[PDB]
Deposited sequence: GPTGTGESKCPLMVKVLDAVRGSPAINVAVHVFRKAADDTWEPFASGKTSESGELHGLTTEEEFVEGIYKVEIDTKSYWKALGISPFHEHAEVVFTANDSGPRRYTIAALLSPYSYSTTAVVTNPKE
């Protein structure tokens, strides 16, 4: 619904599957794992998702480790003010980029 996360792997050129994503609000707010498409839907509802400051934390360290690759970061963490959001994240072992589509 109102909040979606999508994660891609820049080394293998694939979606990042079964990655843990935790969302906090300024406080745990929503969480899940990415699908076979790298996407995570169903995180929250329009009633629950009010304006405020949110942190999306993607567990990139566990992802790389599962592949046998040593990663730099503990996570990709993404902190923004909410005022239809997709958080996109593009992962490499020593880098990440992230954007918001609103």
property	result
Segments lacking C-alpha coordinates (deposited sequence numbering, starting at 1)	1 to 9, 36 to 41, 99 to 103, 123 to 127
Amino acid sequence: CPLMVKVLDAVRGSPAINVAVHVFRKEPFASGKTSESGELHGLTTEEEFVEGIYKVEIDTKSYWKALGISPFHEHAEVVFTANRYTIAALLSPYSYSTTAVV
From here on, numbers count along this sequence of modelled residues.
{"query": "Mean C-alpha B-factor comparison - 92 to 100 and 4 to 12, higher one", "finding": "4 to 12"}
{"query": "Of 41 to 49 and 61 to 69, the stretch whose C-alpha atoms average the higher B-factor in the entry", "finding": "41 to 49"}
{"query": "Per the PDB entry, maximal CA B factor within 82, 17, 20, 23", "finding": "82"}
